[PDB]
Amino acid sequence: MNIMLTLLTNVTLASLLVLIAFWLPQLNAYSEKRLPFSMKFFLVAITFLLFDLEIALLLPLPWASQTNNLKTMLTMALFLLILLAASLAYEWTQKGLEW
Amino acid sequence: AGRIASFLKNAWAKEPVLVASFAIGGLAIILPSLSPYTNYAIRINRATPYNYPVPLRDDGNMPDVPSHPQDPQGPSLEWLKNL
Amino acid sequence: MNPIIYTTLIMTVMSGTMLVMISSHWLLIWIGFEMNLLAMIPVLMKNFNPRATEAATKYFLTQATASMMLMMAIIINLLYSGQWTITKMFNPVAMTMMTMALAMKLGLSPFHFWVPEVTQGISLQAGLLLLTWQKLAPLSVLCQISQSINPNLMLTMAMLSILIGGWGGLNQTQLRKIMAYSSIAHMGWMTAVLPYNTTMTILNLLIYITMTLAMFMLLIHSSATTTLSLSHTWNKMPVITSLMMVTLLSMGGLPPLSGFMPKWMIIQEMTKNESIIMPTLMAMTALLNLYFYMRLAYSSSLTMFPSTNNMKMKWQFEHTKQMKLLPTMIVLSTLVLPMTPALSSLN
Amino acid sequence: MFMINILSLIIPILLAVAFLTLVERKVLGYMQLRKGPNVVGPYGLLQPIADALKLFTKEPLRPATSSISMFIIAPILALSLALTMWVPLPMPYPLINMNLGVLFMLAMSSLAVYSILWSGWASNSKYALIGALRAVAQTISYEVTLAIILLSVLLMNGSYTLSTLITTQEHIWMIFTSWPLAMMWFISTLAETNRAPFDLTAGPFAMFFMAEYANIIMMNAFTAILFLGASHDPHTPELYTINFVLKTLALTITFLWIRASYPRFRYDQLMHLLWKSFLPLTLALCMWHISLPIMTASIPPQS
Amino acid sequence: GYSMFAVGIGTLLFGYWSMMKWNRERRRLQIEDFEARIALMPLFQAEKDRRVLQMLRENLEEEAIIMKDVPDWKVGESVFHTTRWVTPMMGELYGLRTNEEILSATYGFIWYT
Amino acid sequence: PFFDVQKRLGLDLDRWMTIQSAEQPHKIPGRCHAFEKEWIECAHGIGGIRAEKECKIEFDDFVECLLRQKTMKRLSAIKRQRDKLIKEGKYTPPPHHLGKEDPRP
Amino acid sequence: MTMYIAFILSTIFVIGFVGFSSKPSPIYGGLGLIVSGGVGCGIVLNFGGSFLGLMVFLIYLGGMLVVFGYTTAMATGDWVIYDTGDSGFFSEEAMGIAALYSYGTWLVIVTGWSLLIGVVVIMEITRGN
Amino acid sequence: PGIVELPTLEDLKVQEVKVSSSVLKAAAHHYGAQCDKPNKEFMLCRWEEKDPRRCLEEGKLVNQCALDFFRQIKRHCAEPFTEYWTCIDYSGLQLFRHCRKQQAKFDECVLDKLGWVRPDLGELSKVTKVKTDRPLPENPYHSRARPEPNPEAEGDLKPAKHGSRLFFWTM
Amino acid sequence: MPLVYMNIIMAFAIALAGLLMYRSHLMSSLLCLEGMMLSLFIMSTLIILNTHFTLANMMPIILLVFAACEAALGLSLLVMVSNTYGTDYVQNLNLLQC
Ligand SMILES: CCCCCCCCCCCCCCCCC[C@@H](O)O[C@H](CO[C@H](O)CCCCCCCCCCCCCCC)COP(=O)(O)OCC[N+](C)(C)C
Ligand SMILES: CCCCCCCCCCCCCCCCC[C@@H](O)O[C@H](CO[C@H](O)CCCCCCCCCCCCCCC)COP(=O)(O)OCC[N+](C)(C)C
Ligand SMILES: CCCCCCCC/C=C\CCCCCCCC(=O)OC[C@H](COP(=O)(O)OCCN)OC(=O)CCCCCCC/C=C\CCCCCCCC
Ligand SMILES: CCCCCCCC/C=C\CCCCCCCC(=O)O[C@H](COC(=O)CCCCCCC/C=C/CCCCCCCC)COP(=O)(O)OCCN
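Protein chains in written order, with PDB author numbering: chain j, 1 to 33, 48 to 113; chain U, 2 to 84; chain i, 1 to 347; chain s, 1 to 201, 217 to 318; chain W, 32 to 144; chain h, 2 to 106; chain m, 1 to 76, 123 to 175; chain u, 2 to 172; chain k, 1 to 98.
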């Protein structure tokens, strides 16, 4: 209720200000007179996406540290980070991060 | 030995970021297996009561189970306090 | 590609299939399917050409739609009973969603349209992999939940698959499309006995995999993808054409060849359940598969087609690379009928 | 009286942006051995008002063939996100108290690229689209390391609650526990807002400008709360408010200083900077900050 | 060169030690809060049971009043075969009550920020 | 088909996640945990056919707890009859259900 | 009742799906899917799934609809089923999500292997030649 | 299937503890130290019976004991307690650390007046035993009788009679 | 099964039908799979939260991840097809036929 109302107020103020900005100078009359598709940008977007997926898994790490199984949790967190590093290394050594 | 030293000296020049990152990651992997405070962290996590401790029905054969928290028998947290 | 990357992708495909086969949680089965699909695409695109890219994108679209349908079935089954274990479904709607997803993954009619095009687009080794290894996981899942399936729907799709394979193979000159339609017909034969006996399903699967491996390795050895290209093999390797003719006779279900073992057994099983009309129609329709196998045999080994002059140069060279298991595959696909009772091993 | 609180949060932020324009001009001028605007107003104080009035009166040049819907929506989304990301922040008491406030801020930042994408696509020009693609690629690339650094730092806070950061830093600042992560975070926040040396790119133009400067102030305040923990006494929150505002102002002036001090990167050079220097160190320090509380038996409380 | 790295490592170690002490103190304080909650729990459980039972009885009385004209209705009839007590559903307690407190019991914790 | 590697090796790769009543973290209890436990204990080792035909009571209760369809039907019937009576005017809600009661802790 | 806010949210979800299912001008379909994702996030958050709703809204929207838009630009009854008790001094969703490392070792292993294989597969597919 | 039995409104009437959560948190440690026995009786009965309708008298007992505890507080040191709770009530998180001095004054007053020692860290979270004379419920889940298991046949294997007996095969 | 579940199910059905239409623009096909997975995530999250099944709180995220990985591959495929034709039209993929 509070968050929805705050969002509505923010959007309403932004809309009001943009429309008044777009219509204040409209009252007075004036004169009123390709293909390339480079492959590297798609690859950086996909790398960001793959990395983003890895980011979600860790997200729970702050809570994962209270389990009484600290050894297993530490091992799996380090495994996830090592595999993220391995993805970065593989894309590095295969000329995936070049321009 | 000598070749490893040459490789490390050649990498420490012109690639210091990678050397630092690999050293820090290797330490993060190795050191936890040797620290004596990891078991202390496990014990601290065990001592955090999230749930109500459900009492057990007394049957006349439970000497190690306290009848009151003030009783000497039962787990203590003096190691936690001294930490 | 790099041989290391190729081996990694092949083992990832096998590990996905294995994950599907050994798990008891529906989420893990879905994950195994996802892993298999993810690692399968570069194998189909190992040799780069527009046709292979088209085949891979069609295969991906089909398999991803099937995976989404399968996850929908899993979630509905969880909704009507908070269970994650692969067992009887407990929901009529969920079972249908699951059956259609697995039929789309297998290529059963009326979800067969992708198989001929994907097989034609990809190379011969990719086609061997696609038509042999990619049927294990969906069929294993079907076997695990066979007590849930509606027999009407499964039998309808099985008969439709047999009819479609038989009719579609009659119109083909390309060898890969012939293999695809043959695989569709054999899948139809396999899924018609799931409601009654999963052991017969597994026996049919094993026999079909053996024959398909033999036929694909023979087609790779004599590097032909069309009828007329295969018609030149007698002028270099007549023994290969003879072995191919015997294998084609086996694939048509003629006794005393190995290919007679499944249908016979399946028919026999279906008779124990007071099902008479359906096996009769299945055999009559398998006569079509036999017809186009026989046409291939006529064009390949039973008659001598004209050759070209450059073939003489090919007379001076021998294959550098060989398949170790090709003789064993041929023998197992032609001469194992006397060992039929060994099916009690619950293969 | 929640609406009054919302207005008292929103209006002062826009006024602060308006006068941050003047502050930046005057700071750059005095760093360049000259004066800034000192004529419009007693000390240049009327300059932002004059700029706003001139911009709001000048003709808006709509491309006359561009997508009207997105051409209006992009500044709306920019302003909405810039004003929304102030809600989560605790100064000391937050307007809205969120359990996962940090995650909410990250999600808003992730959305912020849609305005760039839509404004670039609407302009109906190949060159503008190329520039927008550059900007989007840089923004997503650097938000990766922003997220990883953020979770590595929060592994010492105990949760995603922004108020708990005040409790975590009651004795010492988080800058001393992890300065390298703070350095990389500062550079990534520079890159995220497209500020120099990473600045490779009527009404709606002013709207975008306001959104960008609001994000600048917001990011600096977030850094101040995250790494320079001000002491908070529950019976006098004005001390915390003043201290936090001073630290935010110092960080904003540091952005101005960095703008006035350095040349700018190439696109490939900043891509390489990130993907080959920050991400490896960020992953290594993420492993280190996962392991450290367990090694030292210093795991934060909440679970 | 060496001095700058030494300064960085030294301040890192100082921060690590300080936060070790502070985080252990925070763990002890959290354990104290949890102990207070544990001590207070039985009274809250008794009040919760008694409140739920009162709401159920009031709903039963209103159902007895309302359902007097329905032919095949049985007042207070369970839908489970088991005689075991089942935790009441949220619609069972606030079904006949006013909208404001229904929205309260449903979304008060979710919407409270 | 199903190769039960976990049972042969005693691994427990994914069985921890299959049912509601299997050792949740912090001993958190599932809403339908009591119903599922009874259904499982009824049907253990009996086999699928006999479980489906003989443990129908427990599964029906478990399903009801999970979806609460019959409770919805009963509550809707009560509300609809109350609405009919209040539209006719021969029934009046008590102060408890109008928010005029005395709340208890 | 607030006229069944969950129901109207689900209705807006269905309307948005109808909106982008016609597939007009794939940028417009993408924007319709973005609106649908925001509405679904609102549904999950209003239900009580704060972390999962924010995961939708961050990962889904800010990463992958963003990548879809990037690639496209490069080219040419409620309130009733709910509970009665409380959770304690923690959120059950966070603990269950948090439990994957302690409980879900197998899930972590298979997911990480799948993601590494996915990186390799993407690079190999886009290699060209 | 059956009628759900509920206690009457008179059965649920009890002299209620009408103090706020700040007062309760201020008193919680000594309350747990002093009023422990009825509380453990109630909670053991509550996890054993799994039924609110079977635990009402123990709830009345815990309410009475809490009322007695607060009457003792009121009689001997009302002022020290009031100052301490004022501090707890002010804080939004109700932290114990914020007002240590108030707590110390309260602790001294109770010990002299009632000889009460505040429980240490790790004591109120102990699992203790309860001497109760209430019988243990023999079927708390109200389960039915488990269905009879399958026969579980046993014997000594012999070769299949006349082999597989599959069509024309003699083995 | 209340009205919210049926709304999410019909949303999934609408997305599936839209995918099966194929007017043009394979990007729209990917978008339809994407809406399908989003509906799956929403309904699985609702089911798991309602029943308080604590552990399966993992599986929505996992689902997302895996589906998202799938999306990446699809995009790659789309891109490569465009590299052959200059457009992602569905009707250009008719080289292979039954
Ligand atoms: C034995 C057969 C070996 C050959 C076959 C290998 C098959 C492929 C390899 C992957 C399978 C590895 C098996 C691990 C299964 C996990 C379950 C088991 O190991 O126990 C876990 C132990 O986890 C340990 O951390 C094992 C660590 C192993 C994972 C790290 C590296 C794994 C890499 C394997 C392949 C990944 C990609 C390739 C990398 C090169 C659980 O620990 P615990 O907490 O007590 O129990 C939880 C239940 N509680 C909550 C009630 C207490
Ligand atoms: C056409 C010829 C096909 C031949 C097949 C390939 C031959 C090479 C195989 C190499 C040796 C295989 C043996 C495997 C070693 C261990 C076996 C163990 O792991 O599996 C057991 C069982 O192993 C297999 O069942 C036995 C395989 C034997 C196949 C032969 C029968 C084929 C029909 C007769 C045709 C003639 C073939 C003989 C000539 C070579 C237990 O299985 P179980 O976990 O409990 O349940 C899974 C099966 N269910 C689901 C159906 C119940
Ligand atoms: C809130 C606090 C803010 C702190 C930062 C304030 C900024 C001060 C003003 C300067 C910033 C101006 C911004 C301009 C951008 C500058 C970015 C930059 O150039 O960094 C690049 C730079 C190097 O790149 P290149 O020189 O181009 O060569 C690499 C290829 N061979 O990248 C980096 O080095 C990043 C490193 C960040 C700091 C990390 C250093 C830590 C190393 C040792 C730490 C050890 C701790 C481990 C645990 C200890 C256990 C024993
Ligand atoms: C066991 C710990 C593992 C986890 C820690 C790692 C986490 C994150 C770090 C890894 C990220 C991915 C790394 C990918 C490696 C690729 C490097 C590379 O290819 O760069 C080479 C050059 O870099 C190299 O030389 C390869 C690595 C060099 C060695 C780096 C450090 C290795 C280990 C050193 C310390 C080991 C442990 C401590 C020893 C010191 C004493 C304590 C070429 O550079 P370009 O930019 O492409 O072009 C420049 C030429 N024009």
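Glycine included, every Cβ here is placed at the ideal spot set by N, Cα and C.
One alpha carbon belongs to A275 of chain s, the other to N124 of chain s, and they sit about 33 Å apart.
Residue contact check for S21 of chain m against chain s: no CB pair falls below 8 Å. For the region 61-81 of chain W, residues whose beta-carbon sits nearer than 9 Å to a beta-carbon of chain U comprise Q61, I62, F65, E66, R68, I69, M72, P73 and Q76.
Taking the Cβ atoms as the reference, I240 of chain s lies roughly 17 Å from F270 of chain s, outside the contact range of under 8 Å. Between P60 of chain s and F51 of chain j, the gap from beta carbon to beta carbon reaches 8 Å or more. Relative to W80 of chain U, the option among U:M63, U:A48 and U:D65 whose CA is nearest is U:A48.
Proximity of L111 of chain s to chain m, defined by a Cβ-Cβ separation below 8 Å, is satisfied. The residue among j:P25, j:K85, j:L67 and j:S101 with its C-alpha nearest the C-alpha of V67 of chain m is j:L67.
Here DSSP, grouped into helix, strand and coil, assigns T225 of chain i to coil.
Collapsing the DSSP output to three states places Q80 of chain j in coil.
The beta carbon of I43 of chain m is closer than 6 Å to those of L9 in its chain, skipping five residues each way along the sequence. Out of i:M339, i:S222 and i:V193, the CA that lies nearest to the CA of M172 of chain u is found in i:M339. Ligand 1 never approaches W84 of chain i closely enough for any of its heavy atoms to be under 7 Å from the residue's Cβ. Taken in chain order, the unbroken stretches of alpha helix (DSSP H) that lie wholly in the region 286-343 of chain i and span 4 residues or more are 311-314 and 326-334.
The nearest non-hydrogen atom of ligand 3 is less than 7 Å from the C-beta of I273 of chain s.
The C-alpha of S7 of chain U is placed about 11 Å away from the C-alpha of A14 of chain U.
Here the alpha carbons of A99 of chain j and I171 of chain m stand approximately 21 Å from one another. Here the alpha carbons of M1 of chain m and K80 of chain h stand approximately 14 Å from one another. Across the region 43-61 of chain k, CB contacts with chain i closer than 7 Å involve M43, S44, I47, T51, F53 and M59, in sequence order along the chain. Cβ-Cβ separation between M69 of chain i and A101 of chain i: approximately 4 Å, consistent with a contact (criterion under 8 Å). Relative to the non-hydrogen atoms of ligand 4, the Cβ of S137 of chain m never comes closer than 7 Å to any of them. One alpha carbon belongs to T198 of chain i, the other to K135 of chain i, and they sit about 15 Å apart.
No Cβ of chain u is located within less than 8 Å of the beta carbon of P95 of chain h. Counting only residues of its own chain and dropping the five nearest sequence neighbours on each side, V131 of chain u has a CB closer than 7 Å to the CB of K41, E42 and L45. Around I47 of chain h, the beta-carbon contacts reaching into chain u at under 8 Å are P148, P150 and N151. For the C-beta of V136 of chain s, the chain m residues within less than 7 Å are, from N- to C-terminus, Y70.
Separation of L43 of chain W and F176 of chain s (C-alpha to C-alpha, rounded to the nearest whole angstrom) is 6 Å. Of the candidates s:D199, s:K54, s:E253 and s:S178, s:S178 places its Cα closest to the Cα of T238 of chain s. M4 of chain j is classed as exposed because its beta carbon has fewer than 16 other beta carbons within 10 Å across all chains shown. Interface criterion not met: the Cβ of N124 of chain s is under 8 Å from no Cβ in chain m. Taking a C-beta cut-off of 7 Å against chain s, none of the residues of the region 18-40 of chain u qualify. Around the beta carbon of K8 of chain h, a 10 Å sphere encloses fewer than 16 other beta carbons of the protein chains shown; the residue is thus reported as exposed. Residue range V113 to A122 is occupied by the alpha helix (DSSP H) that includes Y114 of chain s.
Residue pairing for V128 of chain u: DSSP places it in no beta bridge.
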